[PDB]
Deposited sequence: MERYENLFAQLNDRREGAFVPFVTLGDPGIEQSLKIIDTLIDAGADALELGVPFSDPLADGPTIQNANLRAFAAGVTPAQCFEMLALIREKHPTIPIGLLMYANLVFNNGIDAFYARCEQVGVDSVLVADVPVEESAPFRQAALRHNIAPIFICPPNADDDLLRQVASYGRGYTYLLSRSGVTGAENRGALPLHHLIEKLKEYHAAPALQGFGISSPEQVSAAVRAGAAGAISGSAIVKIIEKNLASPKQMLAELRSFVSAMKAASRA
């Protein structure tokens, strides 16, 4: 959880927002994947959000659906994911690493055991896409016991009772969504002492990063904009890094302001 606390402290002292890219581990391959993450970091990502390929991403869209496909087609497995995670951590000791998971991959080998390996590999937070706050108890307790921040999504259709629960159970950051007054949401979260909010809605242009930071968000998560480039340049790997590099610098520069 620490890595987040620290990050948010530094950004504040340099009055700037956090830029967080989302990428699928082992997309389009293991090595191409590690190469992609070093570039994101290098280019300016303040944190990472990584997905572990799951067979039925009942909460994801096609871009993300196709990413799991390519990873799978690559032979990526959860186990191979934990190996890659240990390598990333070994090269980048300070960047916060968050995982986006499906309940079943967490539950497979025991809930507690899953957070334990997270802890051992050096992951900072976990968001379980299909566990609402109402059913999170076993998930959040195991996370806290392993010093892992349990991340929760705050939906567009969120009420007060929920705002209250998310503020109280979450740590690291609050995942702010928009389903296809936020200033009030952000407001209400702050009021209840919720973890810093990261706007995840649909950040794809520097324009939106700047607006998020202005709205009151501590930064923004770029949910598939990155998966997009890999897709477009699947064809030319060198062209792939180059576009990513650029995109990230672009987005990061706009958080400053």
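Stretches of the deposited sequence absent from the structure, as judged by C-alpha coordinates, reduce to one: 181-191.
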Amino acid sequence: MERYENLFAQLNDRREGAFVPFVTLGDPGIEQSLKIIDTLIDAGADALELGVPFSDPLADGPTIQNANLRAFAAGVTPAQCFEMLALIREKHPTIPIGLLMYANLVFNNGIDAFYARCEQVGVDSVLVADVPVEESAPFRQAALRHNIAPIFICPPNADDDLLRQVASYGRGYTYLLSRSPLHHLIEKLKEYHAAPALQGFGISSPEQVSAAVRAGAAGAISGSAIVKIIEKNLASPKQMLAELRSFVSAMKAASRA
From here on, numbers count along this sequence of modelled residues.
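The term rigid core refers to the most C-alpha atoms you can superpose between the two forms while keeping them within 1.5 Å.
Between 25-33 and 204-212, the larger mean CA deviation from the shown form in 8 other deposited structures of this protein, after core superposition, belongs to 204-212. Two stretches, 153-161 and 90-98, are weighed by how far their CA atoms sit from the shown form in 8 other deposited structures of this protein after rigid core superposition; the farther one is 153-161.
Coordinates for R179 are absent from at least a third of the other compared entries of this protein that model residues on both sides of it. Two stretches are in play, 133-141 and 165-173, and the higher mean C-alpha B-factor belongs to 165-173. Across the two stretches, 238-246 and 19-27, the PDB entry reports the greater mean Cα temperature factor for 238-246. Set against one another, the Cα B-factors of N108, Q80, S178, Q120 in the record reach their highest point at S178. Across the residues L100, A86, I153, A158, the deposited record lists the maximum Cα B factor for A158. Sorting the modelled residues of the chain by their CA temperature factor places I229 in the middle third. Remark: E191 belongs to the highest third of its chain, ranked by C-alpha B-factor as recorded.
In the PDB entry, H184 places in the highest third of its chain by CA B-factor. The PDB entry assigns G51 a C-alpha temperature factor belonging to the lowest third of its chain's modelled residues. Among the modelled residues of its chain, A71 has a C-alpha B-factor that falls in the middle third according to the deposited record.
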